[PDB]
A.B. asks: 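The structure under discussion is supplied below as structure tokens; questions concerning it will follow.
Residues take their numbers from the sequence shown, with the count starting at 1. Atoms within each ligand, like the ligands themselves, are counted from 1 in listed order. Values below: every heavy atom of this structure, side chains too, minus hydrogens, waters and symmetry copies.
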Amino acid sequence: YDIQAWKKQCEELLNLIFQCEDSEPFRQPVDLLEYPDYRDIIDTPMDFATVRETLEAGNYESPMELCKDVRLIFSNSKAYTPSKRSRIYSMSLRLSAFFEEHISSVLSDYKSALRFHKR
Ligand SMILES: Cc1cccc(C(=O)O)c1N
């Protein structure tokens, strides 16, 4: 029932994501010089270094907020991809499955801790 435990759990999950080869296209903001039409398609860029920095700055109040930004990295990849068979999009799908498999317990534990606090 530790209400703060999600933060280190998210830090550790981001460390695993950064070690995953599938995260490399998503570690830093998409290069606008390499993809000059990116901002014509994508309204809100997001990347894992921005997520980690937001977490480390104490600018997430809950793991749900972190999860919304990570999901935005994946929806941006799906929206920008020219093909559902593209290399970078395929990497995003695998990374998303890995993230969802690991974030589930973080969210469950946090929500349970909050319910216990308000019991
Ligand atoms: C950022 C991004 C997401 C999804 C697909 C691509 C691609 O160039 O195929 C891409 N550059």
A.B. asks: Where's the contact between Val30 and ligand 1, heavy-atom distance under 4.0 Å: side chain, backbone, both or neither?
C.D. replies: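 Near ligand 1, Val30 shows its side chain, while the N, CA, C and O stay back.
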
A.B. asks: Could you tell me whether ligand 1 has any atom less than 4.0 Å away from a heavy atom of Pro82?
C.D. replies: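 Right, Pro82 reaches ligand 1.
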
A.B. asks: If you count the atoms of ligand 1 from 1 in the order shown, which ones are under 4.0 Å from a heavy atom of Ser86?
C.D. replies: 5 (C), 9 (O)

A.B. asks: Among protein heavy atoms, which sits nearest to atom 10 (C) of ligand 1, and what does the distance come to when rounded to 0.1 Å?
C.D. replies: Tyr80 CD2, 3.6 Å

A.B. asks: Is there a donor-acceptor pair closer than 3.5 Å between any side-chain N or O of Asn76 and the backbone N or O of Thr44?
C.D. replies: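 Flag set: sc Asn76 to bb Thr44 pair under 3.5 Å.
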
A.B. asks: Just which atoms of ligand 1 are under 4.0 Å from any heavy atom in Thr81?
C.D. replies: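 Those of ligand 1 that fall under 4.0 Å from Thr81 are 4 (C), 5 (C).
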
A.B. asks: For atom 6 (C) of ligand 1, find the nearest protein heavy atom and state the residue, atom name and distance (0.1 Å precision).
C.D. replies: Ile88 CB, 3.8 Å

A.B. asks: Is there a donor-acceptor contact under 3.5 Å linking the side chains of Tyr38 and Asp31?
C.D. replies: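 Per modelled atom types, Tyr38 and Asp31 side chains form no pair under 3.5 Å.
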
A.B. asks: How does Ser83 reach ligand 1, by side chain, by backbone, by both or by neither, if only non-hydrogen atoms under 4.0 Å count?
C.D. replies: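 Contact part for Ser83 vs ligand 1: neither.
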
A.B. asks: So, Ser23 side chain and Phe26 main chain: donor-acceptor pair closer than 3.5 Å or not?
C.D. replies: no

A.B. asks: Name the closest protein heavy atom to atom 8 (O) of ligand 1, giving the residue it belongs to and the distance to 0.1 Å.
C.D. replies: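 Protein heavy atom with the smallest distance to atom 8 (O) of ligand 1: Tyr35 CE2, 3.5 Å.
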
A.B. asks: Is it true that a side-chain atom of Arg39 and a backbone atom of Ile42 form a donor plus acceptor pair closer than 3.5 Å?
C.D. replies: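 Present.
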
A.B. asks: Does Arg71 make a cation-pi contact with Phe74 (under 6.0 Å, within 45 degrees of the axis)?
C.D. replies: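 So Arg71 doesn't make the cation-pi contact.
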
A.B. asks: Is a side-chain donor or acceptor of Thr81 paired with a backbone partner of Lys78 at a separation under 3.5 angstrom?
C.D. replies: no

A.B. asks: Are the side chain of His117 and the backbone N or O of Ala113 linked by a donor-acceptor pair below 3.5 Å?
C.D. replies: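 The answer is no, because no donor-acceptor pair under 3.5 Å joins these two groups.
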
A.B. asks: At a non-hydrogen distance cut-off of under 4.0 Å, which region of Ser77 contacts ligand 1 (side chain, backbone, both, or neither)?
C.D. replies: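 Within the 4.0 Å criterion, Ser77 contacts ligand 1 through backbone and side-chain atoms alike.
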
